[PDB]
Number of protein chains: 2
Amino acid sequence: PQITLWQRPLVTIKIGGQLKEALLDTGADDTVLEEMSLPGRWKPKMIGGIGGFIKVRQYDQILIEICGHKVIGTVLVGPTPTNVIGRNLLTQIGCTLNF
Amino acid sequence: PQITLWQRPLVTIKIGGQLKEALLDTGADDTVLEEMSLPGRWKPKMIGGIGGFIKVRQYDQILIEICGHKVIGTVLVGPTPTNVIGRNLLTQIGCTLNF
Ligand SMILES: CC(C)(C)OC(=O)N[C@H](CCN[C@@H](Cc1ccccc1)C(=O)N[C@@H](CCC(=O)O)C(=O)N[C@@H](Cc1ccccc1)C(N)=O)Cc1ccccc1
């Protein structure tokens, strides 16, 4: 649908059998979720943002359902304040910015 | 216009007589620009993101031109890696997310 930005653009996602709330973030190349019990294999990685760098576990080919659209992609899990849905998944649901 | 997210959503902004490139960020409540000389007064503030917290100077009623749309709002200046245009200005140009 069309979401305006007067409030934070939060959506419901279903990942790993669990329901969560996530922020649609055009300024994030990657999708980062707060600590979570994910299954499968992974590899370490570091990401940066406004205040510095954090270490996250990187899981590939993870099924995630965002506002009803299923997509499969990489998800990073670590000590992030909020769950963020980045461009790697946003392109997958054909999300665009319009003005 | 309509901007897809296969690449980072960077735009040209004009602020303080200077031209810069900034990232349209739906996941940022605020607009943060790298170090730059701005006129007018200000007050200290701290902001957080993935990574931690940074200190920025906060200037109000600043004219900024984003892809041709002039808007007046608060701008925060400090040690951010990239220039980020947050929701405080994005609502001003009537920017929406669509999918
Ligand atoms: C700028 C202010 C006003 C402080 O807001 C946020 O940080 N907002 C966060 C959105 C994040 N948007 C961008 C802003 C940005 C962009 C470039 C540079 C610095 C900052 C971001 O950090 N994006 C990260 C998200 C994590 C990720 O994508 O993996 C990113 O794309 N980082 C890249 C680019 C990068 C590399 C090195 C250093 C810094 C950044 C990366 N691959 O690590 C959301 C949030 C909500 C609640 C609490 C805290 C934070």
Helix-derived mean residue ellipticity, 222 nm - over chain A, DSSP H n ≥ 4, -39500 (n - 2.57), to 500: -500 deg cm²/dmol
For A:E21, inter-copy label distances in nm, listed shortest first [label point 7 Å out on the Cα-Cβ vector]: 3.6
Among the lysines, select those whose C-alpha is under 22 Å from the C-alpha of B:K45, and discard any that sit fewer than 8 residues away in the same chain. B:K55
All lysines inside 22 Å of B:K14 as judged from Cα atoms, apart from same-chain residues fewer than 8 positions distant: B:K70
Compute the relative contact order of chain B as a whole-number percentage, counting only Cα pairs closer than 8 Å that sit 6 or more residues apart in sequence. 33
Axis proximity, chain B to A: residue whose C-beta lies nearest, plus whole-Å distance: B:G51, 2
Förster-model FRET efficiency, 25 Å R0, A:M36 and A:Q7, C-beta, rounded to 0.05: 0.55
Say a label goes 7 Å from Cα toward Cβ at A:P39 in every copy; what distances in nm does this one have to the rest, shortest first? 6.3
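Every number here is computed from the coordinates shown, using simple stated rules; none is lab data. Counting neighbours? That spans all protein chains shown, and the Cβs are built from the backbone with ideal geometry, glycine included.
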